[PDB]
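Structure data follow from query.txt (compact mmCIF, C-alpha atoms):
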```
# COMPACT_ATOMS: atom_id res chain seq x y z
CA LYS L 299 0.00 0.00 0.00
CA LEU L 300 2.66 2.52 1.00
CA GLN L 301 4.82 1.55 -1.98
CA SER L 302 1.98 2.23 -4.42
CA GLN L 303 1.24 5.63 -2.88
CA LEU L 304 4.85 6.77 -3.17
CA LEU L 305 4.94 5.76 -6.84
CA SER L 306 1.80 7.76 -7.63
CA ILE L 307 2.95 10.89 -5.80
CA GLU L 308 6.65 10.70 -6.67
CA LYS L 309 6.43 11.91 -10.27
CA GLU L 310 5.09 15.31 -9.17
CA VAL L 311 6.75 15.94 -5.79
CA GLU L 312 10.05 15.44 -7.60
CA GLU L 313 9.45 18.94 -9.00
CA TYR L 314 7.68 20.53 -6.03
CA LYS L 315 10.61 19.84 -3.70
CA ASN L 316 12.87 22.05 -5.85
CA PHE L 317 10.49 25.01 -5.96
CA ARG L 318 11.89 28.53 -5.78
CA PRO L 319 9.55 31.48 -6.46
CA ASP L 320 12.31 33.33 -8.36
CA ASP L 321 12.67 30.83 -11.20
CA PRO L 322 12.28 32.22 -14.72
CA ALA L 323 12.90 28.74 -16.12
CA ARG L 324 9.77 27.35 -14.46
CA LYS L 325 7.61 30.27 -15.58
CA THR L 326 8.71 29.93 -19.21
CA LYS L 327 8.34 26.13 -19.12
CA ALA L 328 4.82 26.61 -17.77
CA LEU L 329 4.12 29.15 -20.52
CA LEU L 330 5.11 26.73 -23.29
CA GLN L 331 2.99 23.96 -21.76
CA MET L 332 -0.16 26.08 -21.52
CA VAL L 333 0.21 27.37 -25.08
CA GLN L 334 0.77 23.86 -26.45
CA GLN L 335 -2.25 22.58 -24.52
CA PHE L 336 -4.50 25.36 -25.85
CA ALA L 337 -3.41 24.85 -29.46
CA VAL L 338 -4.06 21.12 -29.19
CA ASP L 339 -7.44 21.58 -27.51
CA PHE L 340 -8.45 24.24 -30.04
CA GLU L 341 -7.55 22.12 -33.07
CA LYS L 342 -9.37 19.16 -31.51
CA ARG L 343 -12.72 20.96 -31.30
CA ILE L 344 -12.55 22.49 -34.80
CA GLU L 345 -10.59 20.09 -37.02
CA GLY L 346 -11.42 16.86 -35.20
CA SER L 347 -7.72 16.01 -34.92
CA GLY L 348 -6.55 13.74 -32.11
CA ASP L 349 -7.75 10.61 -30.34
CA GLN L 350 -9.75 12.38 -27.59
CA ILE L 351 -13.25 12.52 -29.08
CA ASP L 352 -16.24 13.90 -27.19
CA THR L 353 -19.00 11.32 -27.72
CA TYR L 354 -21.65 13.19 -25.69
CA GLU L 355 -22.06 16.59 -27.39
CA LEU L 356 -21.51 17.97 -30.82
CA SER L 357 -17.88 18.97 -31.12
CA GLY L 358 -18.62 22.68 -30.86
CA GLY L 359 -16.95 24.78 -33.49
CA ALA L 360 -16.49 21.84 -35.84
CA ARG L 361 -20.14 20.78 -36.15
CA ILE L 362 -21.89 24.00 -35.19
CA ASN L 363 -20.10 25.73 -38.08
CA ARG L 364 -20.54 22.69 -40.32
CA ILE L 365 -24.28 23.19 -39.78
CA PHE L 366 -24.15 26.98 -40.27
CA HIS L 367 -23.18 26.02 -43.81
CA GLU L 368 -26.45 24.04 -43.91
CA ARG L 369 -28.73 26.58 -42.28
CA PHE L 370 -27.44 29.19 -44.74
CA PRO L 371 -29.10 27.50 -47.75
CA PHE L 372 -32.38 28.02 -45.90
CA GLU L 373 -31.71 31.77 -45.67
CA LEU L 374 -31.17 31.96 -49.44
CA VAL L 375 -34.66 30.62 -50.29
CA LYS L 376 -36.74 32.87 -48.00
CA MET L 377 -37.05 35.58 -50.66
CA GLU L 378 -40.76 35.64 -51.61
CA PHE L 379 -40.60 37.46 -54.93
CA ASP L 380 -43.99 38.70 -56.15
CA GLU L 381 -44.77 37.15 -59.53
CA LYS L 382 -47.35 39.76 -60.54
CA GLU L 383 -44.99 42.73 -60.21
CA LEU L 384 -42.38 40.80 -62.18
CA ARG L 385 -44.76 40.25 -65.10
CA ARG L 386 -45.74 43.92 -65.12
CA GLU L 387 -42.15 45.20 -65.09
CA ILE L 388 -41.11 42.67 -67.72
CA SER L 389 -43.85 44.04 -69.98
CA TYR L 390 -42.88 47.68 -69.46
CA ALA L 391 -39.21 46.80 -69.91
CA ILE L 392 -39.74 45.16 -73.31
CA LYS L 393 -41.73 48.10 -74.66
CA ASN L 394 -39.24 50.67 -73.38
CA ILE L 395 -36.27 48.67 -74.69
CA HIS L 396 -37.77 48.55 -78.19
CA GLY L 397 -38.76 52.19 -77.82
CA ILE L 398 -39.65 54.01 -81.01
CA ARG L 399 -39.29 50.84 -83.09
CA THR L 400 -41.92 48.12 -83.16
CA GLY L 401 -39.32 45.50 -82.32
CA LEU L 402 -38.64 42.27 -84.16
CA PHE L 403 -36.95 39.93 -81.64
CA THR L 404 -37.13 39.70 -77.86
CA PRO L 405 -34.62 42.08 -76.23
CA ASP L 406 -31.75 40.97 -74.03
CA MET L 407 -31.60 43.99 -71.73
CA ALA L 408 -34.93 42.98 -70.21
CA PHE L 409 -33.37 39.70 -69.05
CA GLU L 410 -30.36 41.55 -67.63
CA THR L 411 -32.42 44.16 -65.77
CA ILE L 412 -34.59 41.62 -63.96
CA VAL L 413 -31.71 39.41 -62.82
CA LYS L 414 -29.69 42.33 -61.46
CA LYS L 415 -32.62 43.28 -59.22
CA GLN L 416 -32.88 39.81 -57.67
CA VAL L 417 -29.12 39.30 -57.35
CA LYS L 418 -28.89 42.47 -55.26
CA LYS L 419 -31.02 40.81 -52.56
CA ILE L 420 -28.50 38.13 -51.59
CA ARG L 421 -26.41 40.60 -49.58
CA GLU L 422 -28.56 40.10 -46.47
CA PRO L 423 -28.16 36.34 -45.83
CA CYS L 424 -24.45 36.57 -46.66
CA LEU L 425 -23.72 39.12 -43.93
CA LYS L 426 -25.76 37.05 -41.47
CA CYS L 427 -23.72 33.92 -42.16
CA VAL L 428 -20.54 35.81 -41.25
CA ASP L 429 -21.90 37.06 -37.93
CA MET L 430 -23.16 33.59 -37.01
CA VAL L 431 -19.73 32.03 -37.63
CA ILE L 432 -17.87 34.72 -35.67
CA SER L 433 -20.13 34.10 -32.68
CA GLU L 434 -19.52 30.35 -32.76
CA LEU L 435 -15.73 30.78 -32.90
CA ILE L 436 -15.74 33.07 -29.86
CA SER L 437 -17.66 30.37 -28.01
CA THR L 438 -15.13 27.62 -28.75
CA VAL L 439 -12.25 29.85 -27.69
CA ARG L 440 -14.00 30.39 -24.36
CA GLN L 441 -14.37 26.65 -23.82
CA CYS L 442 -10.69 26.03 -24.58
CA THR L 443 -9.53 28.50 -21.94
CA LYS L 444 -11.28 26.60 -19.14
CA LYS L 445 -8.10 24.54 -18.67
CA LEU L 446 -5.92 27.47 -17.53
CA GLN L 447 -7.70 28.03 -14.22
CA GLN L 448 -4.56 27.48 -12.13
CA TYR L 449 -3.01 30.54 -13.84
CA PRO L 450 -5.02 33.75 -13.42
CA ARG L 451 -3.96 36.64 -15.65
CA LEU L 452 -3.04 34.06 -18.28
CA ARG L 453 -6.61 32.95 -18.84
CA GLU L 454 -7.63 36.59 -19.23
CA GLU L 455 -4.78 37.51 -21.59
CA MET L 456 -5.15 34.46 -23.82
CA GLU L 457 -8.89 35.12 -24.09
CA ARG L 458 -8.31 38.77 -24.95
CA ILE L 459 -5.63 38.12 -27.59
CA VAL L 460 -7.44 35.35 -29.46
CA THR L 461 -10.77 37.17 -29.13
CA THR L 462 -9.44 40.48 -30.45
CA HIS L 463 -7.90 38.73 -33.45
CA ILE L 464 -11.10 36.95 -34.47
CA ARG L 465 -13.05 40.21 -34.32
CA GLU L 466 -10.58 42.23 -36.40
CA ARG L 467 -10.81 39.62 -39.15
CA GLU L 468 -14.51 40.44 -39.53
CA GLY L 469 -13.90 43.52 -41.67
CA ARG L 470 -11.76 41.79 -44.29
CA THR L 471 -14.09 38.78 -44.48
CA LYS L 472 -17.13 40.95 -45.17
CA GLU L 473 -15.41 43.02 -47.86
CA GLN L 474 -14.58 39.89 -49.85
CA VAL L 475 -18.16 38.65 -49.51
CA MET L 476 -19.51 41.94 -50.84
CA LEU L 477 -17.03 41.90 -53.72
CA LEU L 478 -18.02 38.38 -54.79
CA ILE L 479 -21.56 39.68 -55.34
CA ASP L 480 -20.50 42.72 -57.38
CA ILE L 481 -18.63 40.25 -59.59
CA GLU L 482 -21.95 38.51 -60.21
CA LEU L 483 -23.65 41.75 -61.28
CA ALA L 484 -20.83 42.86 -63.56
CA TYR L 485 -21.31 40.36 -66.38
CA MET L 486 -24.12 38.04 -67.51
CA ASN L 487 -22.65 34.77 -68.77
CA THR L 488 -25.31 32.86 -70.71
CA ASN L 489 -22.97 30.16 -72.07
CA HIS L 490 -23.11 28.27 -68.74
CA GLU L 491 -25.65 25.55 -67.82
CA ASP L 492 -28.70 27.45 -69.06
CA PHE L 493 -31.60 27.18 -71.49
CA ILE L 494 -29.46 27.33 -74.62
CA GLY L 495 -31.72 27.41 -77.66
CA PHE L 496 -34.76 26.89 -75.44
CA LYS I 299 6.99 44.49 -58.56
CA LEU I 300 9.16 46.30 -56.01
CA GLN I 301 6.26 46.51 -53.55
CA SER I 302 5.59 42.78 -53.85
CA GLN I 303 9.23 42.01 -53.08
CA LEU I 304 9.41 44.35 -50.09
CA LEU I 305 6.52 42.50 -48.45
CA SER I 306 8.49 39.24 -48.31
CA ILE I 307 11.28 41.02 -46.39
CA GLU I 308 9.37 43.07 -43.81
CA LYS I 309 8.14 40.06 -41.83
CA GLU I 310 11.75 39.09 -41.07
CA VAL I 311 13.80 42.31 -40.99
CA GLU I 312 11.53 43.69 -38.27
CA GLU I 313 13.51 41.42 -35.95
CA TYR I 314 16.90 42.41 -37.39
CA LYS I 315 16.37 46.17 -37.20
CA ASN I 316 16.27 45.98 -33.38
CA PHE I 317 19.10 43.45 -33.20
CA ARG I 318 21.49 43.67 -30.25
CA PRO I 319 24.44 41.35 -29.55
CA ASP I 320 23.21 40.82 -25.96
CA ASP I 321 19.43 40.43 -25.64
CA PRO I 322 18.23 37.66 -23.30
CA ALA I 323 14.58 38.32 -24.20
CA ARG I 324 15.31 37.76 -27.90
CA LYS I 325 17.13 34.49 -27.17
CA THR I 326 14.42 33.21 -24.83
CA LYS I 327 11.63 33.55 -27.39
CA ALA I 328 13.93 32.04 -30.02
CA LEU I 329 14.43 28.96 -27.83
CA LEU I 330 10.72 28.49 -27.13
CA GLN I 331 9.70 28.84 -30.78
CA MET I 332 12.35 26.32 -31.83
CA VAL I 333 11.34 23.82 -29.15
CA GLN I 334 7.71 24.09 -30.27
CA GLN I 335 8.66 23.70 -33.93
CA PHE I 336 10.61 20.50 -33.25
CA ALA I 337 7.86 18.77 -31.28
CA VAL I 338 5.23 19.58 -33.90
CA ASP I 339 7.48 18.54 -36.78
CA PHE I 340 8.53 15.25 -35.16
CA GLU I 341 4.99 14.13 -34.38
CA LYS I 342 3.98 15.03 -37.94
CA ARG I 343 6.68 12.80 -39.44
CA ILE I 344 5.82 9.63 -37.51
CA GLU I 345 2.10 9.99 -36.77
CA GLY I 346 1.24 11.15 -40.28
CA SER I 347 -0.94 14.02 -39.06
CA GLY I 348 -1.51 17.44 -40.57
CA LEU V 701 0.30 33.38 -30.11
CA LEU V 702 3.38 32.32 -28.12
CA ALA V 703 5.42 35.34 -29.22
CA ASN V 704 2.57 37.74 -28.43
CA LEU V 705 2.08 36.33 -24.93
CA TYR V 706 5.80 36.37 -24.17
CA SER V 707 6.25 39.96 -25.40
CA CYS V 708 3.80 41.39 -22.84
CA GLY V 709 5.56 42.98 -19.90
CA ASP V 710 5.73 41.68 -16.34
CA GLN V 711 6.30 38.03 -17.17
CA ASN V 712 6.75 37.43 -13.44
CA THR V 713 3.07 38.36 -12.93
CA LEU V 714 1.58 36.81 -16.06
CA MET V 715 2.42 33.29 -14.85
CA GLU V 716 1.78 33.79 -11.14
CA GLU V 717 0.25 30.76 -9.44
CA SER V 718 -3.05 30.86 -7.61
CA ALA V 719 -3.01 30.41 -3.84
CA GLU V 720 -4.63 26.98 -4.24
CA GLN V 721 -1.59 25.53 -6.02
CA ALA V 722 0.72 26.82 -3.28
CA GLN V 723 -1.40 24.81 -0.84
CA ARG V 724 -1.57 21.73 -3.07
CA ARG V 725 2.19 21.41 -3.54
CA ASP V 726 2.95 22.14 0.12
CA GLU V 727 0.60 19.34 1.20
CA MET V 728 1.97 16.84 -1.33
CA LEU V 729 5.50 17.39 -0.03
CA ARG V 730 4.39 16.64 3.54
CA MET V 731 2.45 13.58 2.37
CA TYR V 732 5.46 12.34 0.40
CA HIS V 733 7.87 12.58 3.32
CA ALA V 734 5.37 11.05 5.75
CA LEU V 735 4.87 8.02 3.50
CA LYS V 736 8.62 7.38 3.40
CA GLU V 737 8.93 7.48 7.19
CA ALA V 738 5.98 5.11 7.58
CA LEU V 739 7.47 2.67 5.07
CA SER V 740 10.78 2.93 6.93
CA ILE V 741 9.16 1.98 10.24
CA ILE V 742 7.46 -1.05 8.69
CA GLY V 743 10.79 -2.22 7.31
CA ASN V 744 12.37 -1.95 10.76
CA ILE V 745 9.53 -3.94 12.38
CA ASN V 746 9.23 -6.91 10.01
CA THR V 747 12.91 -7.70 10.65
```

Once more with this new file: its structure as structure tokens, please.
Amino acid sequence: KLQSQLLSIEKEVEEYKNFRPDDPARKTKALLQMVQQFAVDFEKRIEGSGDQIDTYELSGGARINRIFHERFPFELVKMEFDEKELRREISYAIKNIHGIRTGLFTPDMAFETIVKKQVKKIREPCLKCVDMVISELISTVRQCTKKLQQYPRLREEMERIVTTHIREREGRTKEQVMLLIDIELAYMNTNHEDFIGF
Amino acid sequence: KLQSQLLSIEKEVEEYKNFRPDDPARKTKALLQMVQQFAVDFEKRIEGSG
Amino acid sequence: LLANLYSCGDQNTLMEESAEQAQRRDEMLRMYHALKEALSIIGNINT
């Protein structure tokens, strides 16, 4: 009994017996251990890497975000475009495009004007999807810092630094999303999978 | 073309510009980063991860 | 991340231990020494 107890305790008290409060080597060794633990825990929840799998919950960032990319399709279909106002504006467009001439073939600019109006609507669900994902990431960072409780002032700083970074990346992520929609308005490519010939 | 090249140099020379022959803080963070690099690289070579 | 954390000033206060750990390690040292003495006495009794 006593032999077993010494073996269990020995691996740790080997270090405690040499403690000196003025020991930069210990502080820096502790720093590298906490940072390596956080980066392993963080990757585990997002990427799924490692052999420690949580079989009770959903993984957090990994599968909450994976589902944000499958709630988002729902946001893109709640548009409710009024058919009657389309058919009116199509009619007025054709007549105004022909103008002073009677017209001989269906115009193209009518097709381009209608699409541009609907494409401009997508901006709303796209800026929601970004805010949803930012919120989920901040959550997973706050779970990962629960393991640094024995070090106050290091759980605060690591939260602040990783949190600030994720927020500042919001601006650049939204600009690219906006730009990818302007690209869609700029040119109407009808040689794609479309009603060719019709 | 010049601006593209200068971007590949700034990331590194920001450490050199403040170089001193005797800087314990510089050495300490150089040790820690190199220890972390080795452990990650070694595990990657045998485990097959990443 | 590691370089950012290290670069902050007052490294002696960033990594300060909570009072609970000071108690935990002090107790484990007393437990460790006490176990050795007890195992010494048993060895000197079996004889």

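For the choices L:459, L:429, L:442, L:419, the atom-to-atom distance to residue 480 of chain L is smallest for L:419 when using all atoms listed in the file.
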
Practice task
Point out the residue among V:745, V:739, V:722, V:734 with the least atom-to-atom distance to chain L, counting only C-alpha atoms.
Solution key: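 Between V:745, V:739, V:722, V:734, the residue approaching chain L most closely is V:739.
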
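Those residues positioned at most 12 Å from (-7.5, 36.5, -27.2) are residues 336, 435, 436, 437, 438, 439, 440, 442, 443, 452, 453, 454, 455, 456, 457, 458, 459, 460, 461, 462, 463, 464, 465 and 466 of chain L; 701, 702, 704 and 705 of chain V, judged using all atoms listed in the file.
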
Atoms to include: C-alpha atoms. Write the selected residues as an mmCIF file, in the coordinates of the input.
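Generated file (part-v7.cif):
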```cif
data_model
loop_
_atom_site.group_PDB
_atom_site.id
_atom_site.type_symbol
_atom_site.label_atom_id
_atom_site.label_comp_id
_atom_site.auth_asym_id
_atom_site.auth_seq_id
_atom_site.Cartn_x
_atom_site.Cartn_y
_atom_site.Cartn_z
ATOM 1 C CA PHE L 336 -4.500 25.360 -25.850
ATOM 2 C CA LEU L 435 -15.730 30.780 -32.900
ATOM 3 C CA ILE L 436 -15.740 33.070 -29.860
ATOM 4 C CA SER L 437 -17.660 30.370 -28.010
ATOM 5 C CA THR L 438 -15.130 27.620 -28.750
ATOM 6 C CA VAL L 439 -12.250 29.850 -27.690
ATOM 7 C CA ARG L 440 -14.000 30.390 -24.360
ATOM 8 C CA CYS L 442 -10.690 26.030 -24.580
ATOM 9 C CA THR L 443 -9.530 28.500 -21.940
ATOM 10 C CA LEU L 452 -3.040 34.060 -18.280
ATOM 11 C CA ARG L 453 -6.610 32.950 -18.840
ATOM 12 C CA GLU L 454 -7.630 36.590 -19.230
ATOM 13 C CA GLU L 455 -4.780 37.510 -21.590
ATOM 14 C CA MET L 456 -5.150 34.460 -23.820
ATOM 15 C CA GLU L 457 -8.890 35.120 -24.090
ATOM 16 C CA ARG L 458 -8.310 38.770 -24.950
ATOM 17 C CA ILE L 459 -5.630 38.120 -27.590
ATOM 18 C CA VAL L 460 -7.440 35.350 -29.460
ATOM 19 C CA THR L 461 -10.770 37.170 -29.130
ATOM 20 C CA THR L 462 -9.440 40.480 -30.450
ATOM 21 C CA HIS L 463 -7.900 38.730 -33.450
ATOM 22 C CA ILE L 464 -11.100 36.950 -34.470
ATOM 23 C CA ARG L 465 -13.050 40.210 -34.320
ATOM 24 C CA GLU L 466 -10.580 42.230 -36.400
ATOM 25 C CA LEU V 701 0.300 33.380 -30.110
ATOM 26 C CA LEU V 702 3.380 32.320 -28.120
ATOM 27 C CA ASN V 704 2.570 37.740 -28.430
ATOM 28 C CA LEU V 705 2.080 36.330 -24.930
#
```

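Atom pair atom CA of residue 317 of chain I / atom CA of residue 337 of chain L: separated by 29.4 Å.
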
Problem - Interface list for chain I, partner chain L, 12 Å threshold, all atoms listed in the file, as a PyMOL selection string - result: chain I and resi 322-323+326-327+329-335+337-338+341+345-348

Practice task
Would you mind listing what lies within 10 Å of residue 725 of chain V as a list in words, with all atoms listed in the file counted and same-chain residues fewer than 5 positions away left out?
Solution key: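 Using all atoms listed in the file, the neighbours found are residues 310, 311, 313, 314, 315 and 317 of chain L; 720, 730 and 731 of chain V.
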
Between chain V and chain I, at 10 Å or less, what are the per-residue closest atom pairs and their distances in Å? Count all atoms listed in the file, order by chain and rising residue number, and return it as a tab-separated table.
```
residue	atom	partner	partner_atom	distance
V:702	CA	I:331	CA	7.7
V:703	CA	I:327	CA	6.7
V:706	CA	I:327	CA	7.2
V:707	CA	I:323	CA	8.6
```

Exercise for the section: Residues of chain V no more than 8 Å from chain L, counting only C-alpha atoms: send them over as a list in words. Expected result: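 Putting it all together, I get residues 701, 702, 705, 712, 713, 714, 715, 716, 717, 718, 720, 721, 725, 726, 728, 729, 732, 735, 736, 738 and 739 of chain V.
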
Handout entry: Neighbour list for segment 378-384 of chain L as number ranges by chain, cut-off 9 Å, only C-alpha atoms, skip fewer than 5 positions in-chain
Key = L: 389, 412, 416

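Across the model, the gap from atom CA of residue 494 of chain L to atom CA of residue 408 of chain L is 17.2 Å.
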
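Going from atom CA of residue 387 of chain L to atom CA of residue 409 of chain L covers 11.1 Å.
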
Exercise for the section: Point out the residue among L:335, L:406, L:369, L:428 with the least atom-to-atom distance to residue 486 of chain L, counting all atoms listed in the file. Expected result: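 Closest residue, counting all atoms listed in the file: L:406.
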